[PDB]
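Source file: query.cif (mmCIF, C-alpha atoms)
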data_work
#
loop_
_atom_site.group_PDB
_atom_site.id
_atom_site.type_symbol
_atom_site.label_atom_id
_atom_site.label_comp_id
_atom_site.auth_asym_id
_atom_site.auth_seq_id
_atom_site.Cartn_x
_atom_site.Cartn_y
_atom_site.Cartn_z
ATOM 1 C CA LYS D 1 -3.364 35.869 -7.624
ATOM 2 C CA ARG D 2 -1.053 33.031 -6.559
ATOM 3 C CA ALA D 3 -0.317 32.215 -10.223
ATOM 4 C CA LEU D 4 1.564 35.519 -10.672
ATOM 5 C CA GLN D 5 3.038 35.632 -7.151
ATOM 6 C CA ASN D 6 4.255 31.999 -7.277
ATOM 7 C CA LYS D 7 5.760 30.615 -10.491
ATOM 8 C CA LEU D 8 6.428 27.194 -8.906
ATOM 9 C CA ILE D 9 3.286 25.077 -9.259
ATOM 10 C CA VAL D 10 2.311 21.487 -8.509
ATOM 11 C CA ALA D 11 -0.591 19.535 -9.992
ATOM 12 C CA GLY D 12 -3.490 19.498 -7.530
ATOM 13 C CA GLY D 13 -6.869 17.837 -7.267
ATOM 14 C CA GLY D 14 -5.441 14.535 -6.045
ATOM 15 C CA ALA D 15 -2.365 14.508 -8.307
ATOM 16 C CA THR D 16 0.294 15.639 -5.826
ATOM 17 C CA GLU D 17 -1.477 13.943 -2.908
ATOM 18 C CA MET D 18 -1.091 10.548 -4.587
ATOM 19 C CA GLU D 19 2.540 11.002 -5.660
ATOM 20 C CA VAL D 20 3.600 11.918 -2.119
ATOM 21 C CA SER D 21 1.733 8.875 -0.798
ATOM 22 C CA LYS D 22 3.058 6.695 -3.631
ATOM 23 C CA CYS D 23 6.793 7.124 -3.059
ATOM 24 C CA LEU D 24 6.645 7.003 0.747
ATOM 25 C CA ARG D 25 5.197 3.490 0.504
ATOM 26 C CA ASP D 26 8.322 2.487 -1.427
ATOM 27 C CA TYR D 27 10.622 4.397 0.939
ATOM 28 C CA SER D 28 9.129 2.477 3.867
ATOM 29 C CA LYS D 29 10.343 -0.815 2.379
ATOM 30 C CA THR D 30 13.975 0.131 3.042
ATOM 31 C CA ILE D 31 13.262 1.166 6.659
ATOM 32 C CA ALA D 32 12.673 -1.701 9.085
ATOM 33 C CA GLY D 33 10.999 -1.688 12.491
ATOM 34 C CA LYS D 34 8.102 0.299 13.902
ATOM 35 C CA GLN D 35 9.024 3.194 11.603
ATOM 36 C CA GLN D 36 7.909 1.078 8.631
ATOM 37 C CA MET D 37 4.301 0.788 9.812
ATOM 38 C CA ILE D 38 4.327 4.449 10.864
ATOM 39 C CA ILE D 39 5.373 5.694 7.420
ATOM 40 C CA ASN D 40 2.827 3.330 5.859
ATOM 41 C CA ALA D 41 0.210 4.867 8.158
ATOM 42 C CA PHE D 42 1.329 8.348 7.090
ATOM 43 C CA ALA D 43 0.987 7.452 3.407
ATOM 44 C CA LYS D 44 -2.389 5.880 4.188
ATOM 45 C CA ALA D 45 -3.339 9.072 6.033
ATOM 46 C CA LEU D 46 -2.574 11.025 2.852
ATOM 47 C CA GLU D 47 -5.393 9.139 1.101
ATOM 48 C CA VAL D 48 -8.103 11.086 2.954
ATOM 49 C CA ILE D 49 -7.592 14.215 0.822
ATOM 50 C CA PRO D 50 -8.503 12.626 -2.558
ATOM 51 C CA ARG D 51 -11.157 10.509 -0.828
ATOM 52 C CA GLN D 52 -13.146 13.409 0.644
ATOM 53 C CA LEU D 53 -12.896 15.278 -2.670
ATOM 54 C CA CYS D 54 -14.863 12.462 -4.331
ATOM 55 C CA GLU D 55 -17.282 12.013 -1.420
ATOM 56 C CA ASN D 56 -18.135 15.717 -1.170
ATOM 57 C CA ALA D 57 -18.704 15.963 -4.930
ATOM 58 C CA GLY D 58 -20.920 12.855 -4.988
ATOM 59 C CA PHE D 59 -18.380 10.667 -6.786
ATOM 60 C CA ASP D 60 -17.855 7.058 -5.737
ATOM 61 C CA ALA D 61 -14.907 6.867 -3.339
ATOM 62 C CA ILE D 62 -14.365 3.125 -3.828
ATOM 63 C CA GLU D 63 -14.114 3.015 -7.623
ATOM 64 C CA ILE D 64 -12.436 6.342 -8.404
ATOM 65 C CA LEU D 65 -9.746 6.075 -5.720
ATOM 66 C CA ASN D 66 -8.894 2.481 -6.645
ATOM 67 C CA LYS D 67 -8.777 3.361 -10.347
ATOM 68 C CA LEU D 68 -6.640 6.351 -9.359
ATOM 69 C CA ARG D 69 -4.240 4.029 -7.525
ATOM 70 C CA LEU D 70 -3.911 2.000 -10.740
ATOM 71 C CA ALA D 71 -2.975 4.440 -13.504
ATOM 72 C CA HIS D 72 -0.901 6.543 -11.094
ATOM 73 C CA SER D 73 1.163 3.443 -10.253
ATOM 74 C CA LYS D 74 1.744 2.822 -13.984
ATOM 75 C CA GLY D 75 4.467 5.466 -14.284
ATOM 76 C CA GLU D 76 2.470 8.658 -14.776
ATOM 77 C CA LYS D 77 2.685 10.896 -11.705
ATOM 78 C CA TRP D 78 0.279 13.661 -12.779
ATOM 79 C CA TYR D 79 -3.068 11.807 -12.661
ATOM 80 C CA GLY D 80 -5.604 13.660 -10.524
ATOM 81 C CA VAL D 81 -9.384 13.481 -10.080
ATOM 82 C CA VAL D 82 -11.521 15.315 -12.653
ATOM 83 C CA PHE D 83 -14.132 17.407 -10.836
ATOM 84 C CA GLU D 84 -16.254 17.995 -13.950
ATOM 85 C CA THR D 85 -16.905 14.544 -15.448
ATOM 86 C CA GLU D 86 -16.247 11.709 -13.007
ATOM 87 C CA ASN D 87 -13.112 9.803 -14.108
ATOM 88 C CA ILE D 88 -9.388 9.664 -13.457
ATOM 89 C CA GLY D 89 -7.314 12.127 -15.441
ATOM 90 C CA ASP D 90 -4.338 14.456 -15.543
ATOM 91 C CA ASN D 91 -4.971 17.743 -13.742
ATOM 92 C CA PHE D 92 -1.939 19.321 -15.426
ATOM 93 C CA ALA D 93 -3.994 19.305 -18.626
ATOM 94 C CA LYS D 94 -7.200 20.162 -16.739
ATOM 95 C CA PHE D 95 -5.268 23.123 -15.245
ATOM 96 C CA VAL D 96 -5.924 22.402 -11.553
ATOM 97 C CA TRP D 97 -2.892 24.143 -10.084
ATOM 98 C CA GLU D 98 -1.650 25.027 -6.602
ATOM 99 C CA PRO D 99 1.737 26.518 -5.676
ATOM 100 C CA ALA D 100 4.346 24.314 -4.038
ATOM 101 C CA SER N 1 15.660 -39.432 23.031
ATOM 102 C CA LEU N 2 16.690 -40.783 19.616
ATOM 103 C CA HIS N 3 13.185 -42.181 19.102
ATOM 104 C CA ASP N 4 11.498 -38.985 20.307
ATOM 105 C CA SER N 5 13.776 -36.881 18.064
ATOM 106 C CA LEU N 6 13.785 -38.937 14.849
ATOM 107 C CA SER N 7 9.988 -39.226 15.146
ATOM 108 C CA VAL N 8 9.770 -35.576 14.088
ATOM 109 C CA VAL N 9 12.319 -36.270 11.340
ATOM 110 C CA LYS N 10 10.223 -39.235 10.180
ATOM 111 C CA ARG N 11 7.101 -37.151 9.484
ATOM 112 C CA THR N 12 9.209 -34.413 7.879
ATOM 113 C CA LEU N 13 10.837 -36.869 5.462
ATOM 114 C CA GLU N 14 7.686 -38.961 4.942
ATOM 115 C CA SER N 15 6.143 -35.954 3.154
ATOM 116 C CA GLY N 16 8.351 -35.273 0.142
ATOM 117 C CA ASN N 17 7.245 -31.636 0.139
ATOM 118 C CA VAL N 18 8.203 -29.267 2.976
ATOM 119 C CA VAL N 19 7.355 -25.615 3.595
ATOM 120 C CA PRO N 20 9.372 -23.049 5.599
ATOM 121 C CA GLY N 21 7.743 -21.867 8.806
ATOM 122 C CA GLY N 22 8.202 -18.995 11.204
ATOM 123 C CA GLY N 23 6.054 -16.573 9.223
ATOM 124 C CA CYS N 24 7.594 -16.997 5.771
ATOM 125 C CA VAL N 25 4.361 -17.932 3.976
ATOM 126 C CA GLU N 26 2.225 -15.213 5.569
ATOM 127 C CA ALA N 27 4.728 -12.509 4.612
ATOM 128 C CA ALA N 28 5.378 -13.867 1.112
ATOM 129 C CA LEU N 29 1.649 -13.861 0.356
ATOM 130 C CA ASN N 30 1.261 -10.394 1.888
ATOM 131 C CA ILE N 31 3.816 -8.846 -0.472
ATOM 132 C CA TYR N 32 2.731 -10.824 -3.540
ATOM 133 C CA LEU N 33 -1.003 -10.188 -3.145
ATOM 134 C CA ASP N 34 -0.213 -6.514 -2.529
ATOM 135 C CA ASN N 35 1.064 -6.167 -6.099
ATOM 136 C CA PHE N 36 -1.542 -8.621 -7.408
ATOM 137 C CA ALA N 37 -4.258 -6.360 -5.981
ATOM 138 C CA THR N 38 -3.472 -3.918 -8.803
ATOM 139 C CA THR N 39 -4.481 -6.580 -11.355
ATOM 140 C CA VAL N 40 -8.183 -6.046 -10.527
ATOM 141 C CA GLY N 41 -8.540 -2.425 -9.430
ATOM 142 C CA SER N 42 -12.244 -2.016 -8.691
ATOM 143 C CA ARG N 43 -13.358 -3.339 -5.295
ATOM 144 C CA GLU N 44 -11.551 -6.565 -4.388
ATOM 145 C CA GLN N 45 -8.268 -4.607 -4.438
ATOM 146 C CA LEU N 46 -9.242 -3.390 -0.968
ATOM 147 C CA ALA N 47 -10.405 -6.895 -0.029
ATOM 148 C CA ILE N 48 -7.201 -8.500 -1.321
ATOM 149 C CA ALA N 49 -5.165 -5.909 0.586
ATOM 150 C CA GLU N 50 -7.067 -6.712 3.783
ATOM 151 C CA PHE N 51 -6.824 -10.457 3.117
ATOM 152 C CA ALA N 52 -3.051 -10.304 2.630
ATOM 153 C CA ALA N 53 -2.464 -7.975 5.583
ATOM 154 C CA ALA N 54 -4.581 -10.282 7.750
ATOM 155 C CA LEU N 55 -1.927 -12.988 7.391
ATOM 156 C CA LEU N 56 0.495 -10.878 9.454
ATOM 157 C CA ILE N 57 -1.292 -11.894 12.673
ATOM 158 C CA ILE N 58 0.355 -15.345 12.587
ATOM 159 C CA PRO N 59 3.983 -14.082 12.692
ATOM 160 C CA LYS N 60 2.908 -11.343 15.114
ATOM 161 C CA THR N 61 1.528 -13.696 17.778
ATOM 162 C CA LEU N 62 4.596 -15.946 17.496
ATOM 163 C CA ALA N 63 6.813 -13.031 18.569
ATOM 164 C CA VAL N 64 4.482 -11.921 21.380
ATOM 165 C CA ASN N 65 4.599 -15.357 23.030
ATOM 166 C CA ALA N 66 8.406 -15.315 22.608
ATOM 167 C CA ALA N 67 8.681 -12.085 24.688
ATOM 168 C CA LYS N 68 10.387 -10.413 21.707
ATOM 169 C CA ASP N 69 8.919 -7.249 20.200
ATOM 170 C CA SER N 70 6.499 -8.164 17.415
ATOM 171 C CA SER N 71 6.444 -4.685 15.860
ATOM 172 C CA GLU N 72 10.187 -5.020 15.189
ATOM 173 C CA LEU N 73 10.707 -8.582 13.936
ATOM 174 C CA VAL N 74 7.565 -8.689 11.778
ATOM 175 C CA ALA N 75 8.419 -5.336 10.190
ATOM 176 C CA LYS N 76 12.046 -6.368 9.636
ATOM 177 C CA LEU N 77 10.982 -9.764 8.276
ATOM 178 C CA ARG N 78 8.744 -8.111 5.677
ATOM 179 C CA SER N 79 11.527 -5.759 4.572
ATOM 180 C CA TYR N 80 13.887 -8.693 4.005
#

Could you spell out this file's structure in structure tokens?
Amino acid sequence: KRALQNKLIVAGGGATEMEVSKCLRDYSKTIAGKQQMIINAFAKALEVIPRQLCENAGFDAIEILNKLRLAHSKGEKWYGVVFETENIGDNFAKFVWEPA
Amino acid sequence: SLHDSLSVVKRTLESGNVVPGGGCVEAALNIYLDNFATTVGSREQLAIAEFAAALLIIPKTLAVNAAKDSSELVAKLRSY
């Protein structure tokens, strides 16, 4: 339903959640003072969404999230968490989509 | 006073290798090990992140005893 009603999509399943948390860690480097640790806490608070997705599905939260923090930091922004076979992967190809 | 002063200069010069203080080492290792944590990427990445962030307690306590705000100076010092 939302695919036809909304033509603006973002990659879900951990993809968008990591990119929002990725850039805000870099944006906090330019801001000094208490606001730096607060933005870092906000980006750290964004890590609970991909975490619980792996914990509720039985996947290992330590390995998959850390491996997700690797390849996503390598310059590809679309890496999500594959819900079928446990591994890191692009959800844009796996077609996990949510509107913006 | 010249003997009490130079005495500190004596030990500083006697060692031909000096290190900056005031929280420079703890912050330099915190930022470097943060990027080095991505070189492993399994488990220790979380341990290296906690080990590097644990060094921030040294510059934090120095500001608390100085009556200055530690959440400001330590955060500003890391950004620099």

Check the smallest atom-to-atom distance from each of D:17, D:29, D:67, D:75 to residue 47 of chain D using all atoms listed in the file, then report the winner.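 Nearest to residue 47 of chain D: D:17.
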
Q: Apply the PyMOL selection byres ((chain N) within 8 of (chain D)) to the file shown and report the selected residues as a VMD selection string.
A: chain N and resid 38 41 to 43 45 71 to 76 79

Between atom CA of residue 46 of chain D and atom CA of residue 44 of chain N, what is the distance, to one decimal in Å?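 These atoms are spaced 21.0 Å apart.
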
Tell me which protein, DNA and RNA residues are within 10 Å of segment 9-23 of chain N, counting all atoms listed in the file, leaving out same-chain ones fewer than 4 positions away, and put them as a PDB file with C-alpha atoms, in the coordinates of the input.
ATOM      1  CA  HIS N   3      13.185 -42.181  19.102  1.00  0.00           C
ATOM      2  CA  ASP N   4      11.498 -38.985  20.307  1.00  0.00           C
ATOM      3  CA  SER N   5      13.776 -36.881  18.064  1.00  0.00           C
ATOM      4  CA  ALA N  27       4.728 -12.509   4.612  1.00  0.00           C
ATOM      5  CA  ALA N  28       5.378 -13.867   1.112  1.00  0.00           C
ATOM      6  CA  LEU N  55      -1.927 -12.988   7.391  1.00  0.00           C
ATOM      7  CA  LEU N  56       0.495 -10.878   9.454  1.00  0.00           C
ATOM      8  CA  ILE N  57      -1.292 -11.894  12.673  1.00  0.00           C
ATOM      9  CA  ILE N  58       0.355 -15.345  12.587  1.00  0.00           C
ATOM     10  CA  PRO N  59       3.983 -14.082  12.692  1.00  0.00           C
ATOM     11  CA  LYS N  60       2.908 -11.343  15.114  1.00  0.00           C
ATOM     12  CA  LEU N  62       4.596 -15.946  17.496  1.00  0.00           C
ATOM     13  CA  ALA N  63       6.813 -13.031  18.569  1.00  0.00           C
ATOM     14  CA  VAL N  74       7.565  -8.689  11.778  1.00  0.00           C
ATOM     15  CA  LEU N  77      10.982  -9.764   8.276  1.00  0.00           C
ATOM     16  CA  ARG N  78       8.744  -8.111   5.677  1.00  0.00           C
TER      17      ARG N  78
END

Discussion item. Report, in Å to a single decimal, how far apart atom CA of residue 61 of chain D and atom CA of residue 38 of chain D are.
Written reply: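 Spanning atom CA of residue 38 of chain D to atom CA of residue 61 of chain D is a straight-line distance of 24.0 Å.
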
* Please indicate the distance in Å from atom CA of residue 39 of chain N to atom CA of residue 79 of chain D, rounded to one decimal place. =>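 Going from atom CA of residue 39 of chain N over to atom CA of residue 79 of chain D covers 18.5 Å.
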
Within 7 Å of residue 99 of chain D using all atoms listed in the file, minus same-chain residues under 2 positions, as a list in words: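 Neighbouring residues, sequence-local ones excluded: residues 6, 8, 9, 10 and 97 of chain D.
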
**Message:** Residues near residue 86 of chain D, anyone? I mean within 9 Å using only C-alpha atoms, not counting same-chain ones fewer than 5 positions away, as a VMD selection string.
**Reply:** chain D and resid 54 59 to 60 64 81

Margin query: Here's a test: counting all atoms listed in the file, identify every protein, DNA and RNA residue with an atom at most 12 Å from (-3.9, -5.7, 3.4) in the file's coordinate frame, and state them as a PyMOL selection string.
Written below: (chain D and resi 40+44) or (chain N and resi 26-27+29-37+44-57)

Please produce an output containing C-alpha atoms for each residue in the selection, written as a PDB file, in the coordinates of the input.
ATOM      1  CA  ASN D  40       2.827   3.330   5.859  1.00  0.00           C
ATOM      2  CA  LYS D  44      -2.389   5.880   4.188  1.00  0.00           C
TER       3      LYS D  44
ATOM      4  CA  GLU N  26       2.225 -15.213   5.569  1.00  0.00           C
ATOM      5  CA  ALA N  27       4.728 -12.509   4.612  1.00  0.00           C
ATOM      6  CA  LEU N  29       1.649 -13.861   0.356  1.00  0.00           C
ATOM      7  CA  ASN N  30       1.261 -10.394   1.888  1.00  0.00           C
ATOM      8  CA  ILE N  31       3.816  -8.846  -0.472  1.00  0.00           C
ATOM      9  CA  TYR N  32       2.731 -10.824  -3.540  1.00  0.00           C
ATOM     10  CA  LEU N  33      -1.003 -10.188  -3.145  1.00  0.00           C
ATOM     11  CA  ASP N  34      -0.213  -6.514  -2.529  1.00  0.00           C
ATOM     12  CA  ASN N  35       1.064  -6.167  -6.099  1.00  0.00           C
ATOM     13  CA  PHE N  36      -1.542  -8.621  -7.408  1.00  0.00           C
ATOM     14  CA  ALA N  37      -4.258  -6.360  -5.981  1.00  0.00           C
ATOM     15  CA  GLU N  44     -11.551  -6.565  -4.388  1.00  0.00           C
ATOM     16  CA  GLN N  45      -8.268  -4.607  -4.438  1.00  0.00           C
ATOM     17  CA  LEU N  46      -9.242  -3.390  -0.968  1.00  0.00           C
ATOM     18  CA  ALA N  47     -10.405  -6.895  -0.029  1.00  0.00           C
ATOM     19  CA  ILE N  48      -7.201  -8.500  -1.321  1.00  0.00           C
ATOM     20  CA  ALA N  49      -5.165  -5.909   0.586  1.00  0.00           C
ATOM     21  CA  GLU N  50      -7.067  -6.712   3.783  1.00  0.00           C
ATOM     22  CA  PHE N  51      -6.824 -10.457   3.117  1.00  0.00           C
ATOM     23  CA  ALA N  52      -3.051 -10.304   2.630  1.00  0.00           C
ATOM     24  CA  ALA N  53      -2.464  -7.975   5.583  1.00  0.00           C
ATOM     25  CA  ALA N  54      -4.581 -10.282   7.750  1.00  0.00           C
ATOM     26  CA  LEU N  55      -1.927 -12.988   7.391  1.00  0.00           C
ATOM     27  CA  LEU N  56       0.495 -10.878   9.454  1.00  0.00           C
ATOM     28  CA  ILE N  57      -1.292 -11.894  12.673  1.00  0.00           C
TER      29      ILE N  57
END

| task | Give the answer as one residue: which of D:2, D:39, D:83, D:25 has the shortest atom-to-atom distance to residue 53 of chain D, using all atoms listed in the file? | result |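 Closest to residue 53 of chain D of all the choices is D:83.
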
Rank nothing, just name the residue among D:57, D:42, D:100, D:52 nearest to residue 22 of chain D, using all atoms listed in the file.
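Smallest distance to residue 22 of chain D is found for D:42.
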
Exercise. Got a sec to resolve the PyMOL selection byres ((chain D and resi 11) around 7) on this structure and send the residues as a PyMOL selection string?
Worked result: chain D and resi 9-10+12+15-16+78+91-92+96-98
